[PDB]
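To get the authors' numbering, take the position in the sequence shown, counting from 1, and add 2. Quick notes on the structure that follows.
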Amino acid sequence: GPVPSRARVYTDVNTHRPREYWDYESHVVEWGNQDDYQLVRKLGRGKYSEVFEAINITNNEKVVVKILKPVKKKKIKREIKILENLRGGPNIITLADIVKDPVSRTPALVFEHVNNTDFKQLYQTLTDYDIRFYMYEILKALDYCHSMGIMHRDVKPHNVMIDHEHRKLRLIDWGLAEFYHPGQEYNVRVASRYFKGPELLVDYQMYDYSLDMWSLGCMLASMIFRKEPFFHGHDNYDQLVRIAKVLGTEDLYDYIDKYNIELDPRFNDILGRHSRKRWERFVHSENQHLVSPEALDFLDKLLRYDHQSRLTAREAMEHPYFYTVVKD
Ligand SMILES: COc1cc(/C=C/C(=O)O)ccc1O
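Shown next as structure tokens:
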């Protein structure tokens, strides 16, 4: 059987929290007044929800309403409880209210509005300084939720809303987030393909906060190398092959051997043998102004096969890459 694993930090946060904190199935939802919110326009539709811009008519302020699609009451309460637990934390999207939508017959989550630039165009314009700045801001959010016993499990550009005018950032869509409990096995069908950690791709279920750090590394690679997404797999199998062509196959085998994991035999014909590459090979004249020795070392320390070897969010904030970022 597989070798067990533990987070190297915040391991027992939920253990010593009162049960009410992590037992979301028992959570009793406090409902606001649905008539306070008037929908203005549809912003997007996902697998699990529709998202609208709206107005709070009690203060005439813009808000965002997320009307959940019919899914397990467990998952609905999970997202709600996690959002309430994390409310007020650094760069955590603020849940302002919860109402019953009369048409969908489901909960509608009301969020603070973020006046964002969509990640397609913004990533085109981010400077070296901007990338360091916003990475640091994401780390504040990740160290906070990890310190609060929660892993996000869907870190990707879409879920990092940035108001570039006020240089404000919010980590959104906590619909896949979970409470970390030592020894617990989790669903590996989380995160978007390009941001899935090697643990997910090799079906290792006893993972932890460090999953988010792989995803963050994928985002960083895409920003400093100007290639979005960086690991661009055609499916979940090809995704691991794409990673192995960069990190190499010998360290992949070291990883699965450490946890006594077996690869899907379908990899036998597609994985091949690959040396580990040096990050400098991805540098060229159109991205070099975004690359520094500090950037490459930081990236290198996020993108490890072994989830136990990755920088923690707090360790990441100590990295020399962020020395040039103004703190106040
Ligand atoms: C699309 O724009 C927004 C989305 C959200 C939240 C989304 C979620 O939590 O799923 C919050 C504020 C926004 O401005």
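In this text, a Cβ means the ideal position worked out from N, Cα and C, and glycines have one as well.
Collapsed DSSP secondary structure at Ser287 in the structure displayed: In the sequence shown, residue 287 corresponds to position 285, counting from 1. DSSP places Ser287 in coil when its eight states are reduced to three.
Residues of its chain near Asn117, where Cβ-Cβ distance is below 6 Å and the 5 sequence neighbours each way are ignored: Counting from one through the sequence shown, the residue named residue 117 turns up at place 115. Closer than 6 Å at the Cβ level, and outside the excluded window around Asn117, lie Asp165.
Contact test: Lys68 Cβ vs ligand 1 heavy atom, cutoff 7 Å: Numbered from 1 along the sequence shown, position 66 holds the residue referred to as residue 68. Yes, the beta carbon of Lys68 sits closer than 7 Å to at least one heavy atom of ligand 1.
Among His29, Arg280 and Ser217, nearest to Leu85 - alpha-carbon criterion: Walking along the sequence shown from the start, residue 85 turns up at place 83. For the residues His29, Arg280 and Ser217, the minimum Cα distance to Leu85 belongs to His29.
Stretch pair the segment 173-191 + the segment 202-211: three plus CB contacts closer than 8 Å: yes
Residue from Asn289, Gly177 and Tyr307 whose Cα sits closest to the Cα of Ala110: Numbered from its first residue, the sequence shown carries residue 110 at position 108. The residue with the shortest Cα to Cα distance from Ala110 is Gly177.
Cα-Cα separation, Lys303 to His291: Taking the first residue of the sequence shown as 1, we reach residue 303 at position 301. Taking the first residue of the sequence shown as 1, we reach residue 291 at position 289. Rounded to whole angstroms, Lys303 to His291 spans 21 Å at the Cα level.
Buried versus exposed, by CB contacts within 10 Å (16 or more), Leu144: In the sequence shown, residue 144 corresponds to position 142, counting from 1. Result: buried.
Sequence-distant residues of the same chain with beta carbon closer than 7 Å to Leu254, five excluded per side: Start at 1 with the first residue of the sequence shown, and residue 254 comes out as number 252. Only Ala246 and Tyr307 meet the Cβ criterion.
Cβ-based neighbour list, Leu298, same chain, cut-off 6 Å, excluding 5 preceding and 5 following: As a first step, residue 298 is located in the sequence shown; it is residue number 296 there, counting from the start. If we look at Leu298 and ignore the five residues flanking it on each side, its Cβ neighbours are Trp281.
Distance, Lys279 Cα to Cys147 Cα: Within the sequence shown, numbered from 1, the residue matching residue 147 stands at position 145. Within the sequence shown, numbered from 1, the residue matching residue 279 stands at position 277. Rounded to whole angstroms, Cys147 to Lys279 spans 33 Å at the Cα level.
Residues bridged to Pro109 [DSSP beta-bridge criterion]: In the sequence shown, the residue the question calls residue 109 occupies position 107. DSSP output for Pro109 lists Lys102 as bridge partner(s).
From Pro72, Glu27, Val66 and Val5, residue whose alpha carbon lies closest to that of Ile82: Taking the first residue of the sequence shown as 1, we reach residue 82 at position 80. Closest option to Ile82, Cα to Cα, is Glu27.
Contact test: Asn118 Cβ vs ligand 1 heavy atom, cutoff 7 Å: The residue you call residue 118 lines up with position 116 of the sequence shown. Yes - ligand 1 has a heavy atom lying nearer than 7 Å to the Cβ of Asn118.
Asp99 burial status per 10 Å Cβ neighbour count (16 or more: buried): To locate residue 99, count along the sequence shown from 1; it is residue 97. Under this definition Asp99 is a buried residue.
Cβ shell of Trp216 (< 6 Å), same chain only, five flanking positions each side left out: Along the sequence shown, one-based indexing puts residue 216 at 214. The answer, listed in chain order, is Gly199.
Any non-hydrogen atom of ligand 1 closer than 7 Å to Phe113 Cβ: Reading the sequence shown from its first residue, position 111 is the one you call residue 113. At least one heavy atom of ligand 1 is nearer than 7 Å to the Cβ of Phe113, so yes.
Closest Cα partner of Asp103 within the set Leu41, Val204 and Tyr125: The residue labelled residue 103 in the question sits at position 101 within the sequence shown. The shortest Cα separation from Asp103 among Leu41, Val204 and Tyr125 belongs to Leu41.
Sub-8 Å separation of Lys64 and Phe54 beta-carbons: Residue numbering aside, residue 64 sits at position 62 when the sequence shown is read from its first letter. Residue numbering aside, residue 54 sits at position 52 when the sequence shown is read from its first letter. Taking 8 Å as the Cβ cut-off, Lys64 and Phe54 do not qualify as a contacting pair.
First and last residue of the uninterrupted alpha helix (DSSP H) at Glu22: Numbered from 1 along the sequence shown, position 20 holds the residue referred to as residue 22. Start and end: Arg21 to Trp24.
Closer than 7 Å: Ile100 CB and nearest ligand 1 heavy atom: Taking the first residue of the sequence shown as 1, we reach residue 100 at position 98. No, the beta carbon of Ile100 sits no closer than 7 Å to any heavy atom of ligand 1.
Among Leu301, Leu305, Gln310 and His309, the one whose alpha carbon lies nearest that of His321: Locating residue 321 in the sequence shown gives position 319, where the first residue counts as 1. With distances taken between Cα atoms, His321 lies closest to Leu301.
Simplified DSSP assignment, three categories, for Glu282: One-based indexing of the sequence shown puts residue 282 at position 280. Looking at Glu282 - three-state DSSP - the assignment turns out to be helix.
Length of the line joining the Cα atoms of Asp156 and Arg195: Looking up residue 156 in the sequence shown gives position 154. Looking up residue 195 in the sequence shown gives position 193. Approximately 10 Å, taken between the alpha carbons.
Beta bridge counterpart(s) of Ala56 as assigned by DSSP: Locating residue 56 in the sequence shown gives position 54, counting from the first residue. DSSP lists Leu41 and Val65 as partners of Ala56.
C-alpha distance - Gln126 paired with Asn62, whole-angstrom precision: Looking up residue 126 in the sequence shown gives position 124. Looking up residue 62 in the sequence shown gives position 60. Between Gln126 and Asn62, the C-alpha separation is close to 34 Å.
DSSP-derived helix/strand/coil call for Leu88: Within the sequence shown, residue 88 is the residue found at index 86, counting from 1. Reduced to three states, the DSSP call for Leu88 is helix.
Status (buried if at least 16 other CB within 10 Å, exposed otherwise) for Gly3: The residue given as residue 3 occupies position 1 in the sequence shown. The residue is exposed, with fewer than 16 neighbouring Cβ atoms inside 10 Å.
Separation of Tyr257 from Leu249, as counted between CA atoms: Start at 1 with the first residue of the sequence shown, and residue 249 comes out as number 247. Start at 1 with the first residue of the sequence shown, and residue 257 comes out as number 255. Their Cα atoms are separated by approximately 11 Å.
Identity of the residue in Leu273, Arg244 and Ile226 nearest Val293 by Cα: By one-based count along the sequence shown, residue 293 stands at place 291. Of the listed residues, the one whose Cα sits closest to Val293 is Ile226.
Any non-hydrogen atom of ligand 3 closer than 7 Å to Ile174 Cβ: Among the ligands in the structure shown, ligand 3 does not appear; only ligand 1 can be found there.
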